[PDB]
Trainee: 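Dropping a structure here in structure tokens format, bear with me for questions.
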Amino acid sequence: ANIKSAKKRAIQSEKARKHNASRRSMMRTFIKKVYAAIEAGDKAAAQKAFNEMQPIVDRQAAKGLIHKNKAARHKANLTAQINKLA
Amino acid sequence: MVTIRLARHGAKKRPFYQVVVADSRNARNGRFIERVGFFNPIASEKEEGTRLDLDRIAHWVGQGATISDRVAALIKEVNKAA
Amino acid sequence: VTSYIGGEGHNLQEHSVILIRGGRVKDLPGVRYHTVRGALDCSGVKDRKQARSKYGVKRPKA
Amino acid sequence: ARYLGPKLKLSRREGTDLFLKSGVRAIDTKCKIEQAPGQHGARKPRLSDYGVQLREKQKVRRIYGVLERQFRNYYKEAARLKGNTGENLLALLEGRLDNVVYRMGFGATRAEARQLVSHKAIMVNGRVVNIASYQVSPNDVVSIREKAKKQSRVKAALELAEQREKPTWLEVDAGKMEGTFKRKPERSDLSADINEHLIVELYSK
Amino acid sequence: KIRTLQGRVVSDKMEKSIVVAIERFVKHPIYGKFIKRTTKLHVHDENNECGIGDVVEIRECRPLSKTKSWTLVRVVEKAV
Amino acid sequence: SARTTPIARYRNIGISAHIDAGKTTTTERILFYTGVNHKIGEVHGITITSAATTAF
Amino acid sequence: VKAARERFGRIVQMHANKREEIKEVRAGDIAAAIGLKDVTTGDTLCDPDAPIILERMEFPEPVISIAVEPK
RNA sequence: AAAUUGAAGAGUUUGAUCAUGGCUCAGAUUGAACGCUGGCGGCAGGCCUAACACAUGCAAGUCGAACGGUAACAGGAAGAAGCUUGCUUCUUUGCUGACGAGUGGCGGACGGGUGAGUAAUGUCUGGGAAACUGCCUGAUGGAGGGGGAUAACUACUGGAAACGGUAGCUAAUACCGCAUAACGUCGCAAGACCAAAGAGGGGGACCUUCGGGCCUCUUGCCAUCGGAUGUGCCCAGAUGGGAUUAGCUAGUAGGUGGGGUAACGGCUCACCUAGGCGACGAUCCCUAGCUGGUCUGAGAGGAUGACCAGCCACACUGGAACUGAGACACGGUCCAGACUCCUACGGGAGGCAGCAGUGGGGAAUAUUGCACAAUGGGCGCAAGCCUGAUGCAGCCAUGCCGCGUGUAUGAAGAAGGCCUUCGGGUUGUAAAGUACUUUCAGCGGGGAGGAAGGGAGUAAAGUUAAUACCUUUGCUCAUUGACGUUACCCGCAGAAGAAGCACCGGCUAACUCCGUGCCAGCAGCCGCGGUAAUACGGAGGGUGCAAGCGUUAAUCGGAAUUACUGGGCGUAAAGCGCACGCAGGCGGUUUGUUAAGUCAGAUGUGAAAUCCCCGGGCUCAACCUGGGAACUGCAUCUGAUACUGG
Ligand SMILES: [Mg+2]
Ligand SMILES: [Mg+2]
Ligand SMILES: [Mg+2]
Ligand SMILES: [Mg+2]
Ligand SMILES: [Mg+2]
Ligand SMILES: [Mg+2]
Ligand SMILES: [Mg+2]
Ligand SMILES: [Mg+2]
Ligand SMILES: [Mg+2]
Ligand SMILES: [Mg+2]
Ligand SMILES: [Mg+2]
Ligand SMILES: [Mg+2]
Ligand SMILES: [Mg+2]
Ligand SMILES: [Mg+2]
Ligand SMILES: [Mg+2]
Ligand SMILES: [Mg+2]
Ligand SMILES: [Mg+2]
Ligand SMILES: [Mg+2]
Ligand SMILES: [Mg+2]
């Protein structure tokens with residue numbers, strides 16, 4: 001980068017990348033656990049995982065790491081699949 | 001940011017400004033939304049050098065537009081001198 | 001291409017770097033361009049003081 | 001932008017008076033009107049259909065002291081203007097300032113009229129102009145700066161003014177040397193010896 | 001109120017979809033002769049209530065597929 | 001604007017001699033002695049002569 | 001010498017460790033100009049008011065002549 | 001009133017004619033080049049080639065009124081007072097006027113450049129639904145309580161540089177929980193969950209821990225629902241050439257589910273069906289940014305897409321994402337490829353299709369200028385700072401416009417030149433001389449306007465506890481101009497310094513003499529030159545334009561010479577050797593219906609500029625500009641039903 005501004009933006013974007021990727025990685029795991037419970041056929045634990053994951057996506061939506069409509073899609077289709085199964 | 005701005009047309013050394021509503025992210029003589037009025041700082045002093053439709057200006061400022069410093073000087077001057 | 005050299009006499013030879021212009025010569029078949037006298041290597045016609053601009057002749061002082 | 005050559009060769013070319021001299025002496029005394037310039041001017045050739053139209057245009061250009069660029073602009077303006085282009089062009093050439101300066105009596109020649117207008121010697125409605133192409137509108141007044149009011153040349157032109165015919169569309173006052181442009185003259189004001197449709201025939205080629 | 005186009009169905013083989021041909025007369029830009037121009041559209045058709053040559057009423061809608069943006073409103077004549 | 005150095009101070013000289021009499025060596029040494037003289041005054045680089053140069 | 005009109009600018013001085021841009025050149029000094037359209041050795045560039053020619057120039061006549069063809 | 005009301009031909013085939021038919025010219029126009037020549041000013045334009053490579057300098061910063069701080073210069077108190085005349089004021093501390101680097105916020109996705117790619121993830125016109133949207137707005141409400149890190153810094157230390165590496169320390173409007181939770185999200189409902197940040201100014205009673213408490217003003221923060229603006233998506237029509245390109249497609253075409261996008265969608269995946277496009281030109285190949293518009297044309301058309309404005313696409317090339325409201329980002333990151341540069345050889349750096357400029361290519365296209373004075377943009381409470389956007393300046397007759405290079409008089413009419421029937425005319429008022437003038441250019445002086453604002457205050461009103469702080473409006477004061485020695489005006493003297501280019505056989509305005517002798521040469525066409533050349537070369541004379549004049553290049557017109565307007569096919573070019581026949585084109589006549597074509601009205605749109613009309617300002621004009629007209633093109637509603645269609 002040939003400008004102080006661009007240089008500073010490089011390091012800031014690097015920190016933002018790592019920090020945001022940490023939230024994304026930790027977030028996807030809960031959806032993956034719920035999805036695994038789906039063919040695991042559990043009844044209490046499926047809702048347990050859903051109740052544990054529905055708040056974590058909300059912080060992400062609030063800070064904008066994801067979009068609120070994306071979080072709505074996740075929780076809506078997940079609860080649809082759980083209501084279908086249980 | 002919708003803003004009230006002046007587009008400088010006319011031959012060089014004799015400006016002539018078009019008072020128009022536009023977007024802040026556009027050039028001075030670039031894409032605008034709709035014309036409001038004009039201004040001539042080289043007016044003959046015997047013919048009017050500032051025409052400016054206050055109706056659309058009021059509509060836009062109530063809509064959420066921003067009036068530039070030169071435009072504000074014009075509103076003040078027209079509302080006092082007439 | 002082949003180009004025609006107008007005017008009375010010329011000082012042109014092998015490896016001469018000229019500037020040709022358009023214009024077809026009817027009598028010579030195959031010739032469709034003229035040589036601009038007074039530009040680059042081509043010299044002005046000598047003793048031609050009518051229509052000098054046609055042949056790149058500076059105004060003679062008189 | 002101006003002809004600096006002889007002023008009687010032009011008149012000899014058309015075999016008619018051009019009013020290019022003040023008129024102190026007779027034109028036929030001062031030169032040979034009926035003989036064209038040059039050693040062949042004794043012989044009268046045949047003027048073609050293009051010849052007569054060119055001849056008339058080139059004549060009018062010498063009467064009114066204009067060049068071809070401006071004269072074509074005048075033709076285009078007259079053609080654009082509603083009415084009859086033939087007279088409209090003459091109306092514009094009348095509206096030429098130095099022309100009305102000549103007409104109202106401040107110059108025995110349009111050449112001297114241009115000389116005077118060039119040196120801020122003429123003002124219109126008080127405002128001084130030095131452009132000879134200045135278009136004069138009806139109800140406008142012209143005069144002289146007090147510096148050039150002392151000039152004897154304008155005084156001498158004053159006596160020739162009433163010697164020649166007074167234009168209708170001009171009202172003058174030699175007392176304080178000021179004139180007024182009533183309205184653009186129509187066709188009949190100017191001499192019928194100048195044909196107008198030849199011009200439009202030429203420029204509608 | 002809603003817009004209205006009417007055409008003739010030409011292909012019904014696709015499941016829950018149809019192909020509608022729209023014919024209109026336009027004056028030729030250069031010569032002036034009136035020629036018929038044809039546009040074919042893929043129209044959503046649930047329950048497969050269309051055949052071949054049946055005149056069809058269609059309406060513009062959401063993009064329901066890669067090449068389907070129109071839906072059946074009514075069919076006016078059947079079994080030609 | 002104003003002449004920083006008086007015209008009388010200026011010295012326009014040329015080093016001339018036979019081949020290998022040491023003309024380049026002398027010009028390089030002169031440039032070095034001037035550079036060191038005006039660098040020591042503050043403190044207690046690639047150099048090429050080519051055409052005419054200036055020094056104090 | 002060539003009776004022609006040119007303009008200066010981009011004057012440069014040599015300092016034995018760098019070459020430095022200079023805005024003006026005073027009498028009794030040596031300077032180099034860049035972008036001169038038509039100028040040769042022995043040419044007097046002087047103030048437009050006074051066209052002066054100073055001692056012209058002297059060039060040694062050639063002593064060795066060969067013929068060069070490009071190949 | 002006014003706003004498209006406008007249309008020329010000529011030369012050339014033949015012994016001669018008519019026709020057909022091609023070629024050429026007379027007209028406008030240019031981002032022009034070159035030849036000759038060249039005074040001034042205004043406005044505009046200025047690499048059409050190599051999207052060739054780039055040296056050098058600038059083109060994107062700001063905010064201490066966010067936070068830890070003080071590196072550097074100016075102070076404040078002290079101080080051995082450094083000091084002796086307290087003359088000099090020689091230490092100390094962010095202590096602050098201010099502020100480097102640092103964290104953080106916002107901007108860097110705007111502004112600017114180019115047209116390579118793209119015949120369509122493009123543009124123009126008209127429609128839509130399934131979306132998002134920083135800053136600027138409007139309303140409803142919250143803004144409580146903590147925690148863990150880390151930069152800078154310290155210590156050590158690697159490095160030539162670029163830049164670092166380990167161990168501690170330090171905050172925040174950085175980060176993260178917790179509290180709260182609705183007109184928000186999910187869920188048929190019950191129910192579950194989601195955020196925040198403070199910072200500056202002043203202060204009456206009280207006030208200690210002198211830091212505070214509290215109160216007031218301004219501003220910022222959080223959630224929602226809006227508006228505006230901007231953007232994404234979809235559909236229809238239109239938007240080059242080629243059949244010596246006829247078949248093309250396999251996520252292909254549709255469907256069911258699952259995933260994914262801000263949003264709908266083979267976006268994507270797994271199955272299932274067997275599609276889909278194409279002669280109304282698919283596929284393939286070549287070319288190409290598109291539009292408003294520009295040139296031309298009577299129009300219909302033709303050519304075109306510089307400048308100005310809208311949109312698109314690109315940023316050494318090929319990819320890829322990250323951050324971010326917004327990018328797959330000209331001056332940001334990673335990888336690969338080609339190229340170049342520095343080096344201590346240990347390793348590093350870069351991308352002018354930004355402003356200038358360089359080389360190279362070319363017939364050809366300019367200065368490494370100034371100012372942020374004005375408009376505008378970014379940041380900031382403001383002042384301010386940045387802005388190669390912009391304003392201006394320089395070069396270029398590159399175009400348009402204007403104006404000058406003198407005015408009047410001046411005769412056997414000088415000299416000389418030219419021809420001459422030796423009579424003369426001729427250049428020619430032309431010159432010389434005589435009176436007048438100074439436009440412009442020079443000199444010296446004066447002299448607007450582009451300048452609004454913003455500061456020091458001064459008064460008045462709101463706000464509260466406040467005659468504080470702040471907000472709003474008048475008055476005083478100093479002022480703010482790069483251009484710039486501005487436009488413009490004034491006095492000097494002198495005509496003083498300012499004309500050239502092309503042509504003269506016909507087309508086509510302009511004619512003789514002398515040289516040569518089918519040579520030399522001219523020529524757009526027809527054609528001139530073989531001893532008288534109005535056509536070659538020179539002179540004289542004349543003609544046409546003019547600070548320009550010619551040639552060349554290119555487009556249209558003339559060309560009704562691709563004929564839609566508006567052509568032909570017996571012999572001039574042109575009826576397939578003939579027939580059947582699909583597609584297509586067209587189709588007797590009446591009754592009813594529909595309203596597809598057609599027509600009427602309305603409405604919305606057809607960006608602005610440009611064009612055209614009437615007016616205004618630059619002394620006029622070019623130029624700038626107010627209003628109109630036009631943009632007849634598209635959509636949608638309502639009708640009309642004679643004709644064509646169903
Ligand atoms: Mg001119
Ligand atoms: Mg030796
Ligand atoms: Mg040596
Ligand atoms: Mg190349
Ligand atoms: Mg291309
Ligand atoms: Mg960038
Ligand atoms: Mg760059
Ligand atoms: Mg450049
Ligand atoms: Mg800077
Ligand atoms: Mg043609
Ligand atoms: Mg035609
Ligand atoms: Mg024919
Ligand atoms: Mg035949
Ligand atoms: Mg037959
Ligand atoms: Mg058939
Ligand atoms: Mg019928
Ligand atoms: Mg209808
Ligand atoms: Mg207008
Ligand atoms: Mg318009």
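Below, chains carry the letters A, B, ... as their sequence lines are ordered, and counting in each starts from 1. All values below come from the heavy atoms of this structure, side chains included, with hydrogens, waters and symmetry mates left out.
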Trainee: Base, backbone or nothing for each nucleotide of nucleotides 426-460 of chain H, written B, S, -, heavy atoms under 4.0 angstrom, 5' to 3'?
Mentor: SSSBS-----BSSBS--------SBSB--------
Trainee: Write down the distance between OH (D/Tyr74) and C1' (H/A622), rounded to a whole number of angstrom.
Mentor: 13 Å
Trainee: Cut-off 3.5 Å, side chains only: do B/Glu47 and B/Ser44 have a donor facing an acceptor?
Mentor: no
Trainee: Is H/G433 a north or a south sugar when classified by the sign of torsion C1'-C2'-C3'-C4'?
Mentor: north
Trainee: Let's test your reading of the model: under 3.5 Å, does the base of H/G402 pair with the side chain of D/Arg69 as donor and acceptor?
Mentor: no
Trainee: In whole Å, what is the span from the CZ atom of C/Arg48 to the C1' atom of H/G35?
Mentor: 13 Å
Trainee: What nitrogen or oxygen pairs link the protein and nucleotides 104-107 of chain H at under 3.5 Å?
Mentor:
unit_1	atom_1	unit_2	atom_2	d
H/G104	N7	A/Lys8	NZ	3.0
H/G107	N7	A/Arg9	NH2	2.7
H/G107	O6	A/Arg9	NE	3.0

Trainee: Under 4.0 Å, heavy atoms only, any strand: does B/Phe38 hit a base, just the sugar-phosphate, or nothing?
Mentor: sugar-phosphate
Trainee: Do C/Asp27 side-chain and H/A523 base share a donor-acceptor contact under 3.5 Å?
Mentor: yes
Trainee: Partner of H/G645 by Watson-Crick or G-U wobble geometry, both contacts under 3.5 Å, or none?
Mentor: H/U594
Trainee: Do D/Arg72's NZ or CZ and the ring of D/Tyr203 fall within the cation-pi criteria of under 6.0 Å and 45°?
Mentor: yes
Trainee: Among side-chain atoms of E/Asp12 and E/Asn48, is any donor-acceptor pair under 3.5 angstrom?
Mentor: no
Trainee: Contact class for E/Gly32 (heavy atom, under 4.0 Å): base, sugar-phosphate, or nothing?
Mentor: nothing
Trainee: Has the side chain of E/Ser69 got a donor or acceptor that lies under 3.5 Å from a partner of the other kind on the base of H/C235?
Mentor: no
Trainee: Write down the atom of C/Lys58, the atom of C/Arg52, and the distance for their closest heavy-atom approach.
Mentor: O-NE, 3.5 Å
Trainee: Checking only heavy atoms, does the side chain of B/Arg28 share a donor-acceptor pair with the base of H/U375 at less than 3.5 Å?
Mentor: yes
Trainee: Provide the distance between the two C1' atoms, one in H/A498 and one in H/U438, to the nearest whole Å.
Mentor: 14 Å
Trainee: Side chains of A/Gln47 and A/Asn51: is there a donor and an acceptor less than 3.5 Å apart?
Mentor: no
Trainee: What distance separates D/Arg114 CZ from D/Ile131 CD1, expressed to the nearest 0.5 Å?
Mentor: 11.5 Å
Trainee: Under the 3.5 Å rule, do the base of H/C280 and the side chain of E/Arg37 count as making a donor-acceptor pair?
Mentor: yes
Trainee: Sugar at H/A468: north or south, per the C1'-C2'-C3'-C4' sign?
Mentor: north
Trainee: Going by the glycosidic torsion and a 90 degree boundary from 0, is the base of H/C328 oriented syn or anti?
Mentor: syn
Trainee: Could you let me know what H/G540 is paired to, Watson-Crick or G-U wobble, both distances under 3.5 Å, or none if it's on its own?
Mentor: H/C511
Trainee: Would you say that D/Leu20 contacts D/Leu10 through its side chain, given a criterion of any heavy-atom pair below 4.5 Å between the two side chains?
Mentor: yes
Trainee: Quick one: the side chain of E/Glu60 and the base of H/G127, do they pair up donor-acceptor inside 3.5 Å?
Mentor: yes
Trainee: H/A393 and H/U367, Watson-Crick or G-U wobble pair at under 3.5 Å for both distances?
Mentor: yes
Trainee: Under 4.0 Å between a side-chain nitrogen and a carboxylate oxygen: does that hold for D/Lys57 and D/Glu68?
Mentor: yes
Trainee: Just the rounded figure in Å: distance from P of H/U472 to NZ of B/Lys80.
Mentor: 15 Å
Trainee: If we only count Watson-Crick and G-U wobble pairs whose two distances fall under 3.5 Å, is H/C586 paired to H/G15?
Mentor: no
Trainee: Quick one: pull up OG in D/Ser118 and CZ in D/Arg2 and give me the separation to the nearest 0.5 Å.
Mentor: 7.5 Å
Trainee: What's E/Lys36 touching, base or sugar-phosphate or nothing? Going by heavy atoms closer than 4.0 Å.
Mentor: base
Trainee: Is there stacking between H/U208 and H/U209, using centres under 5.5 angstrom and an angle under 30 degrees?
Mentor: no
Trainee: If the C1' atom of H/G616 is compared with that of H/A640, how far apart are they to the nearest Å?
Mentor: 49 Å
Trainee: Would you say the side-chain atoms of E/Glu60 pair up with the backbone N or O of E/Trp70, donor to acceptor, closer than 3.5 Å?
Mentor: no
Trainee: Please tell me whether H/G587 and H/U464 form a Watson-Crick or G-U wobble pair, using a cut-off of 3.5 Å on both distances.
Mentor: no
Trainee: Salt bridge or not between G/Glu21 and G/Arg10? Use side-chain N to carboxylate O under 4.0 Å.
Mentor: yes
Trainee: I need the CD-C1' distance between D/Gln58 and H/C503, as an integer number of Å.
Mentor: 15 Å
